[PDB]
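Here is the structure we will look at.
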Amino acid sequence: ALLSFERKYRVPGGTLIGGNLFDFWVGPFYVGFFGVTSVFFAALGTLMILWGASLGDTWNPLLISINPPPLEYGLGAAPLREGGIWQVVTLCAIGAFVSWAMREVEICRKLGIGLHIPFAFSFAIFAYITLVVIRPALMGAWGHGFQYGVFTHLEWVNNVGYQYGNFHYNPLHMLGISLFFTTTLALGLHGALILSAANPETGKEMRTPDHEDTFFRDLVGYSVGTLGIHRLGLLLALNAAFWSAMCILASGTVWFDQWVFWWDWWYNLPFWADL
Amino acid sequence: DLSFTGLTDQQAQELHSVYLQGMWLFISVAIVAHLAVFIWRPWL
Amino acid sequence: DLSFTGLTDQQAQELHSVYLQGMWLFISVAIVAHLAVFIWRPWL
Amino acid sequence: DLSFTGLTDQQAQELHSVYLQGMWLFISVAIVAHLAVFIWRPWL
Amino acid sequence: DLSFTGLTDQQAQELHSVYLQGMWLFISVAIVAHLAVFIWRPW
Amino acid sequence: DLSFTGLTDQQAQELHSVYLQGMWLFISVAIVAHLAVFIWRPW
Amino acid sequence: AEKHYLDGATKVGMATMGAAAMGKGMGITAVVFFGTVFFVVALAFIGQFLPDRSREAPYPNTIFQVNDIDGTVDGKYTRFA
Amino acid sequence: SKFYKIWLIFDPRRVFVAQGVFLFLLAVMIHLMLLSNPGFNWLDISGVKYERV
Amino acid sequence: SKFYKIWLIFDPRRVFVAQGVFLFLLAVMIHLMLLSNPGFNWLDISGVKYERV
Amino acid sequence: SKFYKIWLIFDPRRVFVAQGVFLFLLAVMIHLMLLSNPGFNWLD
Amino acid sequence: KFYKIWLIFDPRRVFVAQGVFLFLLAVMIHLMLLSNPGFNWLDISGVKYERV
Amino acid sequence: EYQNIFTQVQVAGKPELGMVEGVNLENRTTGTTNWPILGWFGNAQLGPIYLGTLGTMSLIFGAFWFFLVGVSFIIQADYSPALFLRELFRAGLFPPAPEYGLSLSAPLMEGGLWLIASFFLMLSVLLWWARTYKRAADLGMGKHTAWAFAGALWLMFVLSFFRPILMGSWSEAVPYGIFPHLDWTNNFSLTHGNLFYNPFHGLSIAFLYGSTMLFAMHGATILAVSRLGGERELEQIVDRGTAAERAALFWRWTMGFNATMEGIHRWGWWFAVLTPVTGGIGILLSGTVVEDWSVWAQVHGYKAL
Amino acid sequence: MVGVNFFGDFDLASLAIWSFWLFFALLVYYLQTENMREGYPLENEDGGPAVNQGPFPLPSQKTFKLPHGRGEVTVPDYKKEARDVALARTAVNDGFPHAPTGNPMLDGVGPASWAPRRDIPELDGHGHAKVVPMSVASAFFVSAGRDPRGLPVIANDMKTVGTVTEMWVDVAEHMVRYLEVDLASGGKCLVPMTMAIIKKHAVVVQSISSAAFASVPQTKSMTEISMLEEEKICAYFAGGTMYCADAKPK
Ligand code: BCL
Ligand code: BCL
Ligand SMILES: CC[C@H]1c2cc3[nH]c4c(c3C)C(=O)[C@H](C(=O)OC)c4c3nc(cc4[nH]c(cc(n2)[C@@H]1C)c(C(C)=O)c4C)[C@@H](C)[C@@H]3CCC(=O)OC/C=C(\C)CCC[C@H](C)CCC[C@H](C)CCCC(C)C
Ligand SMILES: CCCCCCCCCCCCCCCCCC(=O)OC[C@H](COP(=O)(O)OCCN)OC(=O)CCCCCCCCCCCCCCCCC
Ligand SMILES: COC(C)(C)C/C=C/C(C)=C/C=C/C(C)=C/C=C/C(C)=C/C=C/C=C(C)/C=C/C=C(/C)CC/C=C(/C)CCC=C(C)C
Ligand SMILES: COC(C)(C)C/C=C/C(C)=C/C=C/C(C)=C/C=C/C(C)=C/C=C/C=C(C)/C=C/C=C(\C)CC/C=C(/C)CCC=C(C)C
Ligand SMILES: COC(C)(C)C/C=C/C(C)=C/C=C/C(C)=C/C=C/C(C)=C/C=C/C=C(C)/C=C\C=C(\C)CC/C=C(\C)CCC=C(C)C
Ligand SMILES: COC(C)(C)C/C=C/C(C)=C/C=C/C(C)=C/C=C/C(C)=C/C=C/C=C(C)\C=C/C=C(/C)CC/C=C(/C)CCC=C(C)C
Ligand SMILES: COC(C)(C)C/C=C/C(C)=C/C=C/C(C)=C\C=C\C(C)=C\C=C\C=C(C)\C=C\C=C(\C)CC/C=C(/C)CCC=C(C)C
Ligand SMILES: [Fe+3]
């Protein structure tokens, strides 16, 4: 089942590894070499998650959790029931995420278009790899990675947050939150503006992109423009990902006290130090 | 005939024989490695 | 004459014959492995 | 004589008969397995 | 006959030559420094 | 001479000459400074 | 030659082509894998030079006694603590 | 009866793929449910029966 | 029976890719499950058998 | 027997590259599975 | 014949990036050694010459 | 390959003053400046703005709220310009104490000024809402922006108006300091058990993450199909070109389903709007219905034990 | 309402969350069906209707009114694509690529595919042509960055095909959109600004060979450009990114 314009785009080419060996579709999904590897990694990780769930006491999909090795194993490979399943899933997750991006590259090459999407997804991948690889390697234990579970990884977020007092007082965390909030606002405004122009008041002709420039210029005095809003949303989201990763990387590696005490550089400036 | 790859019947036989030679060489080296490991540290 | 894959009935038969030989070889090896493992450490 | 899939009535019949043979073989294997499992560890 | 970077062929050759010289000197001096810091405080 | 830097070969030699003069002057001042610091408080 | 081999040489040209291709695949995979392992080993090595308080953070995951697959029902990684 | 006319409705390729996926997932889930229960975990049962197999 | 007519329905290239993926995945899973059970982990069993192999 | 006909459906160049990739990945699985077991890690 | 790469890649960007990378690598190796109280040439001097 | 991340050559003609579609022109300023450092990323024109009744009133009320917060800071600094600057982020105008309930009788420097400022802040955001509505109405556009702003305003009003009334105390509203309102957020999670186990807090986070991820995806998609007339999204809605097709085929081949040029903006609208809508629901239920989301999660089978 | 529960542990909070799940399923249905206004019904690989169409039925028809006397547009339109595509399937099964039967770039298939848009210029809010040469706009001027006019243009093989002689700007959004190239071949050519990199010495186009520049889709007029001509030109360059990649150095 092809979309009514799809056929002319289903041509050979664009692959990176295996030529025409995997250059075919399965239903909607393009496969390619990295579709084979992403399917295998995703299936093996899911299936080890299910196997680890079987070794616990619940089948409730909101209580299932695969836990990293204890700290005493350091950066070694743990026995498979004492954190090893977590390491297998983590390696499978990295394999699938990276394979997914490489598969996205091949699809972009076949439909000759830019590579912006795999690039952005790689920023998301980097945030994940910072969480499970880079930070625990610097700390010297895989057990600083977060447990895999719908509500138990939130216990990780809680424990790590409250290790450094109130995590709000983390300047990179502040910067990341502002970027998350701002990208949501920008998505709201961009979607609203497009919908308003395409869906006018009843009986009116469809609005032009001039009308939407005019709408923001009237409302705030500025209009970034059609090309500009997409550049802006892309860079806002990518910066949110990157500065979040820096936020968490700094905690426990280069900063160790309550993050509130970081601002004592400003509060202890010598002229107003004692006031 | 049924040729997706564009080879002929005779090319496929020759390339299969070469492939088999390479694969048996690989397996024999693997066997030597496994005998060495088993002598060192037997797993069965 | 129903054919989705484009094969004829003869090519399908030949392909299936070779496929079955491959499958039977694989299954025979697996049977031998399971018999050996069951002798070594039975699981039923 | 119209159909969604484009298959003729005769093609559907032979298709269904082969599919039924496959399903029956699968089911008979499953039945033998369930008798074995029930004799070994009855669950009712 | 213009390049992508704007360099002619000749400028590319001399630039690559001096690049290799620079890398050679960097590595040689680094080797000398490692020799000196090994004779001083062995590790 | 619409070069990438808008200079000429003749301007390049003189600019490089003043660059090398300044560089060697800075390095000589630095080496005598390090000599003085090493005599005063060797590391 | 609208075939990546035509004459083939039937035992030596084919063998060299196959060795080249399989070695290429294995070699790129080896390069990627050892680059990744080296990056992780380098990060661990660097982390050895961080302040000692980089090794004071407690275990950040909660063991819930319903996910505890170590073998004993205690809510912790047994044989350690 | 005359259920063959399902093949006038559904394409055989899609149905066979869907059936295979369904059967695989069902078999996996049943085995996992048995293994999670220590009354039908055959590995541990055999460990007990043969005195650590 | 006359199951060979599967090849009039399913193309062999995609079938072989899917079959290889599934079979390798199943083999890896079963081996992993056996390694996680302390009655069928052959490395530790041999460790006990020979007094540290 | 007739297994050489596999090269009529899958191009041997691509299979050789893919097989190199697969063999290295299988090797890394096995080696670091061994490293996971204390009794078979050879680093220490 | 490798010099042709400089007809493809801009030497300015490549040179600056390589320079920054080497500089940071050297800086952080020096920080390792100065963090390590075994090489730490400054402090050890304050013991070789007895505060020098 | 040119990544359409920055403009290469900027161009400018006569400044664009806007479309005339029922806007009162005498309320639209006439002066534009053209600022090329912005033209690297987006538009360079700092255009005219519209200033009518609603905007003027909203600006007056908001500016007065801002002024009153500032004055409170000056007074609690004991008049010191040094403490004022040192504490610009650490000071807050706090609501009345719990003992005053919802009454309007609390000392001026212990909640009264907070009440007055809060009233004027309420007035300005509602007037700004009416502005967002009326600027769309004057151009003949749909009202999607005002609805989206209403969702965010709903979270704002449950934060300081609706929930404190249902709890019977102004003391539970958020203070007007940079650091103290973060302290307020932390305290709010700490007093209601743990707000991670609030299902609407979970859903709000899902929509925040999803809206960030969605607009990474959409900005990357539009940039990738910019080689074709891609970012002219309007006129691709009504005359589909290859940019829309290839954008659809990328996501169809990748994840098995796709959007349309018009419909991706509905997804984004709903993901953005649902973040404060769902979040406000979860705050409203906190304290009013659930006191301790941790034990509630334990009872409702998604926290262990 | 604390501790007071319907149904024996079913709360106002439980009620709210279940209500949200119901609403969200309805919203997902609405969003998915809204996104089915292009490309449906699904076809098979021979241009006929597909056997399967998916769990979601098509939405009701919706109409757009177009300004400046450009009629109405109703979607979903149920119409099939209004161009022929010179491909041919490489397998009797489904899910395999179709191969070009001639020159992929000249035929307009694959990454060189163009959609059959209207042969009229896109308009700005005042009804004028939206994208025009600066000889027509006449109040536009270069404001920042380097002017490419007069520079040589170099193809994806390092050969120069001509010089930039004119820029085509979008008069609504103040942007350059095309570079007009005068070719040593003998004619002219429009190059999308999104596919050109301006440098000090030249504008480099790393998607198209020098031989490809001899056949770039032309415009009827040199004062305005239709959306169909825009599609063809941009598709030609984007397809070159595949069908010209072997001409690159090394
Ligand atoms: C007690 C808790 C602490 C606290 C402790 C922490 C800690 C600890 C951390 C954060 C982090 C973050 N916090 Mg905080 N945080 C608190 C309060 C807040 C508040 C608030 C209003 O109070 C906000 C808005 C935030 C906001 C944020 C973000 C800036 C950031 C999370 C985004 C992120 O990392 O994305 C990054 C995105 C990803 C990692 C996603 C990766 C996805 C991958 C690539 C793909 C997965 C696919 C999946 C498996 C597929 C399934 C298949 C299906 C078919 C779909 N925090 C309080 C004070 N916060 C985190 C951070 O910065 O992380 C980097 C972090 O570690
Ligand atoms: C210890 C801290 C607690 C915590 C306590 C809270 C509390 C308390 C709240 C949130 C809320 C939110 N939390 Mg939190 N949260 C924590 C951990 C996290 C983490 C994390 C990784 O750990 C993340 C990602 C989040 C994420 C989020 C957001 C999804 C959500 C706010 C949605 C929104 O729209 O906001 C941005 C939108 C607004 C703030 C709306 C108001 C903005 C108005 C419209 C502005 C108008 C203009 C203004 C008046 C004037 C100035 C303009 C002039 C131009 C100058 N929380 C932990 C558990 N969280 C909120 C929520 O919805 O909870 C359910 C909330 O109230
Ligand atoms: C879908 C939900 C998201 C969203 C949506 C949203 N917000 C919106 C909109 C939408 C759809 C608008 O239409 C509206 C808007 O116009 O945006 C451009 C708005 C907007 N969202 C804004 C902010 C905002 N949105 C936020 C959040 C979000 N908004 C959500 C993530 C946040 C966060 C995360 O905290 C903030 C801070 C504004 C930019 C704008 C609303 C404008 C407004 O409220 O105006 C009221 C005016 C005032 C309070 C006046 C302040 C005046 C100055 C202080 C004067 C300074 C004078 C001088 C410096 C001296 C002063 C002191 C004395 C001497 C006077
Ligand atoms: C092992 C367990 C597996 C599942 C557990 C993982 C968690 C799942 C939670 C999110 C669900 C993600 C699953 C997405 C399914 C991906 C497959 C897919 O969507 O494609 C199949 C289907 C067919 O596509 P098509 O034929 O084009 O449909 C139109 C024709 N009638 O395409 C369609 O169905 C089109 C409809 C699109 C579906 C909309 C996606 C909704 C995502 C919004 C989620 C955001 C809020 C999540 C809250 C999280 C809270 C924890
Ligand atoms: C749970 O984790 C673990 C991993 C514990 C257990 C996992 C177990 C599993 C699932 C293992 C999976 C094993 C599999 C599927 C192994 C498959 C192995 C195969 C197919 C190996 C094939 C090798 C073929 C080779 C090396 C062919 C080489 C051919 C050439 C042409 C090379 C050219 C060079 C020469 C010299 C050719 C010779 C030519 C002449 C003329 C002599
Ligand atoms: C915390 O870090 C610790 C301290 C651990 C240990 C430190 C480790 C370090 C510092 C590692 C790094 C070592 C480096 C960076 C060595 C490299 C030195 C370089 C780049 C030397 C190059 C020097 C160039 C010079 C000195 C030229 C100087 C002067 C002129 C050109 C004249 C005046 C200057 C200018 C710009 C005007 C131009 C002059 C004319 C005539 C036009
Ligand atoms: C207690 O826990 C409970 C929760 C476990 C979990 C679930 C309980 C439930 C709800 C279980 C329900 C299970 C169901 C619905 C089971 C149904 C199973 C079926 C329908 C199995 C059918 C298998 C059919 C097969 C294997 C058919 C054919 C195989 C073949 C080899 C036939 C080949 C077909 C060919 C050759 C067609 C070619 C013909 C032509 C003319 C080209
Ligand atoms: C030089 O001149 C000055 C004095 C400018 C120096 C100024 C310094 C300034 C302006 C400092 C201001 C600082 C800060 C920190 C401003 C921002 C504060 C924050 C974080 C505000 C966030 C507020 C969040 C919410 C949810 C606020 C309000 C929500 C409402 C629903 C408002 C309506 C509530 C009530 C109780 C209305 C009361 C109505 C009656 C009738 C009593
Ligand atoms: C705890 O228990 C768990 C949870 C494991 C759950 C259990 C799950 C299981 C076990 C699920 C099911 C597994 C199933 C249903 C099936 C496995 C079937 C197998 C092993 C199929 C293997 C086939 C092997 C073959 C076909 C080898 C083929 C080799 C060849 C060289 C064949 C060459 C073929 C052809 C056609 C050559 C080309 C010829 C021409 C004329 C072109
Ligand atoms: Fe958009």
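Chains: A, B, ... in order of the structure tokens. Residues: from 1 per chain. Ligands: from 1, in order shown.
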Legend entry - Nearby residues, ligand 1, 6 Å, only C-alpha atoms and all ligand atoms, as a list in words: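 Residues lying within 6 Å of ligand 1: residues 124, 125, 127, 128, 157, 158, 160, 161, 162, 166, 167, 168, 173, 176, 177, 241, 244, 245, 247 and 248 of chain A.
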Residues just named, written with N, CA, C and O atoms as a compact mmCIF listing (two decimals), in the first residue's frame:
```txt
# COMPACT_ATOMS: atom_id res chain seq x y z
N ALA A 124 19.66 13.87 20.82
CA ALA A 124 18.91 13.09 21.82
C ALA A 124 19.70 11.86 22.28
O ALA A 124 19.72 11.52 23.47
N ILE A 125 20.35 11.19 21.34
CA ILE A 125 21.18 10.03 21.65
C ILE A 125 22.32 10.42 22.57
O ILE A 125 22.69 9.67 23.48
N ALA A 127 22.36 12.87 24.77
CA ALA A 127 21.83 13.02 26.13
C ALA A 127 21.70 11.66 26.81
O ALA A 127 22.10 11.49 27.97
N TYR A 128 21.16 10.67 26.09
CA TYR A 128 21.03 9.33 26.68
C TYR A 128 22.40 8.72 27.03
O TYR A 128 22.58 8.13 28.10
N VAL A 157 15.85 9.72 39.10
CA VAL A 157 15.86 11.17 38.92
C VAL A 157 15.74 11.87 40.26
O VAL A 157 16.46 12.84 40.54
N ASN A 158 14.88 11.36 41.13
CA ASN A 158 14.69 11.92 42.45
C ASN A 158 15.96 11.82 43.29
O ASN A 158 16.39 12.81 43.89
N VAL A 160 19.14 11.31 42.50
CA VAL A 160 20.25 12.10 42.00
C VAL A 160 19.98 13.59 42.18
O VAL A 160 20.87 14.34 42.57
N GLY A 161 18.74 14.03 41.92
CA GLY A 161 18.41 15.42 42.16
C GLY A 161 18.63 15.83 43.60
O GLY A 161 19.21 16.88 43.86
N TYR A 162 18.19 15.02 44.54
CA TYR A 162 18.30 15.42 45.93
C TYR A 162 19.65 15.12 46.54
O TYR A 162 19.89 15.48 47.69
N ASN A 166 18.58 20.91 46.43
CA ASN A 166 17.58 21.21 45.42
C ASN A 166 18.28 21.45 44.09
O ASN A 166 19.01 22.43 43.93
N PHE A 167 18.02 20.56 43.13
CA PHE A 167 18.67 20.58 41.83
C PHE A 167 18.31 21.81 41.00
O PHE A 167 18.94 22.03 39.97
N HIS A 168 17.29 22.57 41.40
CA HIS A 168 16.94 23.79 40.68
C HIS A 168 18.12 24.75 40.62
O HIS A 168 18.32 25.43 39.61
N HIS A 173 21.08 23.45 34.58
CA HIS A 173 19.71 22.98 34.70
C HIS A 173 18.72 24.10 34.45
O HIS A 173 17.75 23.93 33.71
N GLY A 176 18.75 24.71 30.77
CA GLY A 176 18.03 23.66 30.06
C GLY A 176 16.53 23.76 30.22
O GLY A 176 15.79 23.55 29.26
N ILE A 177 16.06 24.08 31.43
CA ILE A 177 14.63 24.26 31.65
C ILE A 177 14.10 25.40 30.81
O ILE A 177 13.03 25.29 30.20
N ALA A 241 18.65 19.83 24.74
CA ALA A 241 19.26 18.52 24.93
C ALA A 241 20.71 18.64 25.41
O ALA A 241 21.11 18.01 26.40
N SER A 244 21.09 20.16 28.96
CA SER A 244 20.67 19.17 29.94
C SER A 244 21.75 18.13 30.18
O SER A 244 22.05 17.77 31.33
N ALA A 245 22.37 17.64 29.11
CA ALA A 245 23.45 16.67 29.26
C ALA A 245 24.62 17.27 30.04
O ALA A 245 25.22 16.59 30.88
N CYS A 247 24.39 19.83 32.27
CA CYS A 247 23.83 19.86 33.61
C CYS A 247 24.11 18.60 34.39
O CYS A 247 24.64 18.64 35.50
N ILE A 248 23.70 17.46 33.85
CA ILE A 248 23.82 16.23 34.62
C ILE A 248 25.28 15.77 34.69
O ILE A 248 25.72 15.26 35.72
```
Inset, instruction - Fewer than 2 positions away in the same chain doesn't count, so skip those; otherwise give me all residues within 9 Å of residue D:6, counting only C-alpha atoms, as number ranges by chain. - result: D: 2-4, 8; H: 8, 11; M: 51
With chain D held fixed, move chain C onto it by a least-squares fit of all C-alpha atoms in order and give the output as a tab-separated table (two decimals) with C-alpha atoms, in the first residue's frame.
```
chain	number	residue	atom	x	y	z
C	1	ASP	CA	-18.20	-11.95	-7.81
C	2	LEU	CA	-16.66	-10.09	-4.86
C	3	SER	CA	-12.85	-10.11	-4.80
C	4	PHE	CA	-10.72	-7.62	-2.89
C	5	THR	CA	-7.45	-9.59	-3.05
C	6	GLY	CA	-7.60	-10.18	-6.81
C	7	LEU	CA	-7.81	-13.96	-6.49
C	8	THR	CA	-10.40	-16.08	-8.20
C	9	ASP	CA	-12.58	-18.47	-6.23
C	10	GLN	CA	-10.46	-21.47	-7.26
C	11	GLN	CA	-7.14	-19.96	-6.19
C	12	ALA	CA	-8.71	-18.99	-2.87
C	13	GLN	CA	-9.90	-22.57	-2.35
C	14	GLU	CA	-6.49	-24.05	-3.18
C	15	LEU	CA	-4.71	-21.55	-0.97
C	16	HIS	CA	-7.12	-22.26	1.89
C	17	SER	CA	-6.62	-26.01	1.53
C	18	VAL	CA	-2.84	-25.71	1.83
C	19	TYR	CA	-3.22	-23.23	4.68
C	20	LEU	CA	-5.51	-25.61	6.55
C	21	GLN	CA	-3.04	-28.47	6.17
C	22	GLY	CA	-0.36	-26.26	7.68
C	23	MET	CA	-2.66	-25.19	10.51
C	24	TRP	CA	-3.70	-28.76	11.30
C	25	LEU	CA	-0.08	-29.92	11.44
C	26	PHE	CA	0.78	-27.07	13.81
C	27	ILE	CA	-2.26	-27.76	16.00
C	28	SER	CA	-1.54	-31.50	16.11
C	29	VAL	CA	1.98	-30.82	17.35
C	30	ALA	CA	0.60	-28.38	19.93
C	31	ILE	CA	-1.99	-30.93	21.11
C	32	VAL	CA	0.72	-33.54	21.56
C	33	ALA	CA	2.82	-31.05	23.50
C	34	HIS	CA	-0.06	-30.09	25.80
C	35	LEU	CA	-0.91	-33.72	26.48
C	36	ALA	CA	2.71	-34.42	27.39
C	37	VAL	CA	2.88	-31.35	29.62
C	38	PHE	CA	-0.42	-32.21	31.30
C	39	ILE	CA	0.83	-35.70	32.14
C	40	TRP	CA	4.12	-34.26	33.39
C	41	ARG	CA	2.54	-31.49	35.53
C	42	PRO	CA	-1.25	-31.02	35.33
C	43	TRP	CA	-2.56	-27.47	35.53
C	44	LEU	CA	-6.28	-28.05	35.91
```
Mind running chain K against chain F at 10 Å and telling me each contacting residue's nearest atom pair with the distance in Å (one decimal), counting only C-alpha atoms, chain and number ascending, as a Markdown table?
```
| residue | atom | partner | partner_atom | distance |
| --- | --- | --- | --- | --- |
| K:41 | CA | F:43 | CA | 6.5 |
| K:42 | CA | F:43 | CA | 5.7 |
| K:43 | CA | F:43 | CA | 8.5 |
| K:44 | CA | F:43 | CA | 8.2 |
| K:45 | CA | F:43 | CA | 5.3 |
| K:46 | CA | F:43 | CA | 8.0 |
| K:48 | CA | F:43 | CA | 9.0 |
| K:49 | CA | F:42 | CA | 8.4 |
| K:51 | CA | F:41 | CA | 8.9 |
| K:52 | CA | F:41 | CA | 5.9 |
```
Legend entry - Residues within 9 Å of ligand 8, counting only C-alpha atoms and all ligand atoms, as a ChimeraX atom specification: /L:63,65-74,84,88-93,95,104,112,114-123,125,153-162,164-165,170,173-182
Inset, instruction - Kindly provide, as a count of residues only, the residues of chain M having any atom no farther than 10 Å from an atom of chain D, counting only C-alpha atoms. - result: 4
Inset, instruction - Give the residues of chain A that lie within 6 Å of chain L; count only C-alpha atoms, and format the answer as a PyMOL selection string. - result: chain A and resi 28-30+62-63+113-114+116-117+183-184+188+191-192+196-197+199-201+211+214+217-218+221-222+224-225+227-228+230+233-234+237
Inset, instruction - Could you please tell me, as number ranges by chain, which residues of chain H have an atom within 10 Å of chain M when using only C-alpha atoms? - result: H: 9-11, 14
Sorted by chain and rising residue number, which residues of chain A lie within 7 Å of chain M, and what are their closest atom pairs and distances in Å to one decimal, counting only C-alpha atoms, as a tab-separated table?
```
residue	atom	partner	partner_atom	distance
A:1	CA	M:42	CA	5.3
A:2	CA	M:43	CA	5.1
A:3	CA	M:39	CA	4.7
A:4	CA	M:39	CA	4.9
A:5	CA	M:81	CA	6.1
A:7	CA	M:45	CA	6.8
A:8	CA	M:109	CA	5.5
A:9	CA	M:110	CA	4.4
A:10	CA	M:97	CA	5.1
A:11	CA	M:97	CA	4.7
A:12	CA	M:97	CA	5.4
A:24	CA	M:96	CA	4.6
A:25	CA	M:95	CA	4.4
A:26	CA	M:95	CA	5.9
A:27	CA	M:95	CA	6.7
A:110	CA	M:111	CA	6.5
A:111	CA	M:111	CA	4.9
A:112	CA	M:111	CA	4.9
A:113	CA	M:238	CA	6.9
A:205	CA	M:65	CA	4.7
A:206	CA	M:65	CA	5.6
A:208	CA	M:125	CA	5.8
A:210	CA	M:125	CA	5.6
```
Inset, instruction - Please determine the contact residues of chain K with respect to chain M at a cut-off of 10 Å, counting only C-alpha atoms, and supply them as a ChimeraX atom specification. - result: /K:4-5,7-8
Same residues, N, CA, C and O atoms, saved as a CSV table (one decimal), in the first residue's frame:
```csv
chain,number,residue,atom,x,y,z
K,4,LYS,N,46.0,17.1,-2.4
K,4,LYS,CA,44.7,17.5,-3.1
K,4,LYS,C,43.6,17.7,-2.1
K,4,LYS,O,42.6,18.3,-2.4
K,5,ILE,N,43.8,17.1,-0.9
K,5,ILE,CA,42.7,17.3,0.1
K,5,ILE,C,42.5,18.8,0.4
K,5,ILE,O,41.4,19.2,0.7
K,7,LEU,N,42.4,21.1,-1.7
K,7,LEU,CA,41.5,21.7,-2.7
K,7,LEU,C,40.1,21.4,-2.3
K,7,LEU,O,39.2,22.1,-2.9
K,8,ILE,N,39.8,20.5,-1.4
K,8,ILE,CA,38.5,20.1,-1.0
K,8,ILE,C,38.1,20.7,0.3
K,8,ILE,O,37.1,21.5,0.3
```
Inset, instruction - Determine the nearest neighbour of ligand 10 from the options A:108, A:186, A:246, A:273, counting only C-alpha atoms and all ligand atoms. - result: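 For ligand 10, the nearest of the given residues is A:186.
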